[PDB]
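Notes for the structure review
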Amino acid sequence: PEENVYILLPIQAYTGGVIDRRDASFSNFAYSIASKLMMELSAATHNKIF
Amino acid sequence: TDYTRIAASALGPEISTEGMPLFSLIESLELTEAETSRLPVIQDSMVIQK
Amino acid sequence: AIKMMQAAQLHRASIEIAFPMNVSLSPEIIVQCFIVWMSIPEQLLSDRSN
Amino acid sequence: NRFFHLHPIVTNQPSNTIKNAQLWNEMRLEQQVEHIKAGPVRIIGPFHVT
Amino acid sequence: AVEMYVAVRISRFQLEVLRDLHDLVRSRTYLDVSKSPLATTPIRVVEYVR
Amino acid sequence: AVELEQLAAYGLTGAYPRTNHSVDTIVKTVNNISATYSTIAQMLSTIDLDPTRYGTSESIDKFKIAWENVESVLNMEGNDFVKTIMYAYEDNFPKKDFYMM
């Protein structure tokens, strides 16, 4: 916006979570996202070394 | 032995809808606004006792 | 074979014998009882069957 | 305002927080308006946002 | 006018009036098969293991 | 429970259990199923299922779904000896004690 400020915007990445109202638990949502994230990370580095 | 329950899931305990549906009384009786507000209370106060 | 192998391990799962229905002292019952008596170890049977 | 011309970012102290997004949907219209009129209302529960 | 000179009338009548909606609820009993399920396959003797 | 004639037939013709495997194979199989059970339990410990949220049967169904999801998430498809044992004989237990177990 100005001469000496620079803004980074968060663009969704590694998304995916399941909403289950009849079972409120700010924890199962986090676990559902984290499990898919773990799948992604493990698959991206299967017998690879970067 | 068989009755029409609703559920028991993160909301109040197992409530029952066995007689007429409570939503039919709004038209069968021509209830006004000051009284229809009590119908959700009646529906939510229908617990089951063992 | 499987049942006899199990009955030799659990110390409490001794075999229970089911005798033929509404026939007493038939000729085959006598010889089968003799074979059981002098061929099946006594520790693998229940007290009732013995 | 130093970065965006219009933004949905707001600062209101919540009053009468609703613990589940299903309670808001099942509530009657008049009770909803009554809740809204008394001041800002906070709905807790995960939402998919883009 | 649609009736004739002599009128036929009724002496007694019984109708139930209610004052509050909360009174409209009643109760009935059930079995709760969750803990005392209905039975099947009545008691039998053992003669044919297989 | 055995029939008298079946037992007599077993005794008459000298019969004995026979195995075509070695001790190391049996030990390996037992260790594999123990490791699978332990890993399943460790994974299942993270999520939450309290007993005061559903009925005695909806809780069982939710637990089954969670078990299937965890099994398909972490480990490759197998047999899950303990899982099948639990599934098969679920009608020999009352629902409350089955849920407790």
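The numbering scheme restarts from 1 for each chain and tracks the written sequence of that chain rather than necessarily the entry's numbering. Residues without coordinates are not displayed. As they are written, the chains are lettered A onward and the ligands numbered 1 onward, keeping that order. Values throughout apply to the visible chains only, these chains being members of a larger assembly. Excluding hydrogens and water, the side-chain figures rest on all heavy atoms present in the structure.

In the PDB header, cryo-EM is given as the technique by which the entry was determined, and 3.7 Å as its resolution.

**Describing the overall build of chain C**
Stated formally: Numbering of helices and strands runs from the N terminus; a helix is a DSSP stretch of H or I covering at least four residues, while a strand is a stretch of E covering at least two. Only protein chains enter the area calculation, which uses a 1.4 Å probe; residues under 20% of their type maximum are buried, those over 50% are exposed, and those in between are partly exposed.
Each helix and strand in chain C was counted, giving two helices and one strand. Helices and strands appear in chain C in the N-to-C order α-β-α. Dimensions along the principal axes, computed over C-alpha positions, put chain C at roughly 35 × 20 × 20 Å. Here chain C, with 50 residues, has 28% of them falling under the buried criterion.

**Points about the overall build of chain A**
Rule in force here: C-alpha atoms define the radius of gyration, and 2.2 Å times the number of residues to the power 0.38 defines the globule rule. Under the convention used here, a 1.4 Å probe and the Shrake-Rupley method define accessible areas, while residue burial counts only the protein chains that appear.
Helix and strand counts for chain A come out as one helix and zero strands. What you see for chain A is a C-alpha radius of gyration of 17 Å, clearly larger than the 10 Å of a compact globule of 50 residues, by over 25%. Judged by the C-alpha coordinates and their principal axes, chain A covers about 50 × 40 × 10 Å. Taken across its 50 residues, chain A has 16% of its residues classed as buried. In the structure as shown, chain A presents an accessible area of about 4300 Å², 65% of it carried by carbon and sulfur atoms.

**Here's the deal with unusual backbone geometry**
The backbone of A10 of chain B sits at a positive phi, close to 60 degrees, despite the residue not being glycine. Judged by relative accessible area, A10 of chain B falls into the partly exposed class, the value being 37%.

**Thoughts on the interface of chain D and chain A**
What counts here: Contacts are assigned to residue pairs with any non-hydrogen atoms lying within 4.5 Å of each other. When two parts are put together, the accessible area they lose, computed with a 1.4 Å probe and summed over both, is reported as buried area. Think of a salt bridge as a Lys or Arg side-chain nitrogen and an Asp or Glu carboxyl oxygen that are within 4 Å of each other.
With twelve residues of chain D at the interface, the matching set in chain A holds eleven residues. Carbon and sulfur atoms supply 58% of the area buried between chain D and chain A, which totals about 910 Å² over both sides. Three residues stand out in chain D for area buried against chain A, namely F3, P46 and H48 of chain D, and they jointly supply 49% of the buried area on that side. As a salt-bridge pair, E2 of chain A and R2 of chain D come within 3.8 Å of each other at their nearest N and O atoms.

**Focus: the interface of chain F and chain C**
Rules: Polar contacts, as counted here, are pairs of nitrogen or oxygen atoms within 3.5 Å of one another; within protein the pair requires one atom able to donate a hydrogen and one able to accept it, and residues that are adjacent in sequence qualify only if both atoms are side-chain atoms.
Taken together, the contacts link eleven residues of chain F with 16 residues of chain C. Regarding the contact of chain F and chain C, the summed buried area is about 1200 Å², with carbon and sulfur atoms giving 79% of it. Sorting the residues of chain F by area buried against chain C places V2, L4 and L7 of chain F first, and these three jointly supply 48% of that buried surface. At the junction of chain F with chain C, the criterion picks out zero salt bridges. In this assembly, chain F and chain C are joined by four residue pairs in polar contact. For the side of chain F that touches chain C, the secondary-structure elements that each account for two or more residues are β1 (2-3) and α1 (4-12) of chain F.

**Some thoughts on the arrangement of the chains**
There are nine pairs of chains in contact here, and the one with the most contacts is chains C and F. Where chain A comes nearest to chain E, the C-alpha atoms are still 22 Å apart, and the two do not contact one another.

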